[PDB]
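So this first bit is one chain, no partners, the form deposited in one PDB entry, shown in structure tokens.
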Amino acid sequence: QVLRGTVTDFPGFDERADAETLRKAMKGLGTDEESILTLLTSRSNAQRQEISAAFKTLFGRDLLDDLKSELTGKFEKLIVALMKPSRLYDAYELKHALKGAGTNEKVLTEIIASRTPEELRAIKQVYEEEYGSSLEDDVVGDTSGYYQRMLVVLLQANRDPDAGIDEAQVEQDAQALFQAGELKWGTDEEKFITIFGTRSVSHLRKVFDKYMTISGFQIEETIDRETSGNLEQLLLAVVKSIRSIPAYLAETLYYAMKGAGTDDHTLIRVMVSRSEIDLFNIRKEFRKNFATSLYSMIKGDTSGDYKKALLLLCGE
């Protein structure tokens, strides 16, 4: 239960040297994809920011645009992602997943459901520092209904800290969920939102087992029978995140890679955002559930420099 990333500190790091290797590979005709991809995918995000800074004092060039110009396709979208400061990545995805005429509820749901209260607190702060408004305000602007109310509950980053399992409360919650869905003519979505969004992780795990005991349906089965659309997805993401975030994301990527069209935004976002958190566990949880290493579905749906990067980002 010690979650592991795949990208770690590069020993003998030299921001200026690393920076020269980039301008040297970036400068002149086209670009030298291998040197960039193999350089970045091996340097921790922190070192990537130090390099990106050395590059600017050295040449007076903003390293990033020197990449969002010499590059294009899906390799650019990836390296650009890798370059995004860890602290700003989620808030960035949310901002652009929110400056949509349409909306990738997948991004909001994915991020706001799998991130801890501590992470959510940081995300909210940086979002209001990088852009002009509150993350909550912008969310309430592109969403409506229960899908919005669940996201707003989550965004409060208030979830109870797990501190002891009270049986009576576990049965009351399991019983309340039961009475608000399966046994209700219609649905009481508000009871689901409150339970799933504020109770502690440990408590909720105890509630999901008891719910299966008293009803015969996994909470996910009931969620499928009782809810639909955006709310269904979020509710499913919260429960799966409560059970295991590594298993959840490991699941997310499969349905992006095994779809009616490969969603490259998810394969990239999930692997980049988790590259330093638990992308190793997302791999372990992959070889066990979906039955296939993350290493392979990469080596079987992508091409060019895009692959070698992803493969090096996963870690054999």
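Each residue number is its position in the shown sequence, starting from 1. In this text, rigid core is short for the largest set of C-alphas that superpose within 1.5 Å between two forms.
Another form, the form deposited in another entry, is not on view; read the next lines as being about it.
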property: Listed options 133, 125, 158, 228; Cα moving by 2 angstroms or more between this form and the one not shown (core superposition); result: 228
property: Core-aligned CA displacement of residue 100 at least 2 Å between this form and the one not shown; result: yes
property: Displaced residue check between this form and the one not shown: residue 188, CA, 2 Å or over, core reference; result: yes
property: Note on residue 241-residue 186 C-alpha separation in that other deposited form, which departs from the shown form by 3 angstroms or more; result: closer
property: Change in CA distance between residue 230 and residue 184 in that other deposited form, which is 3 Å or more, as closer or farther; result: closer
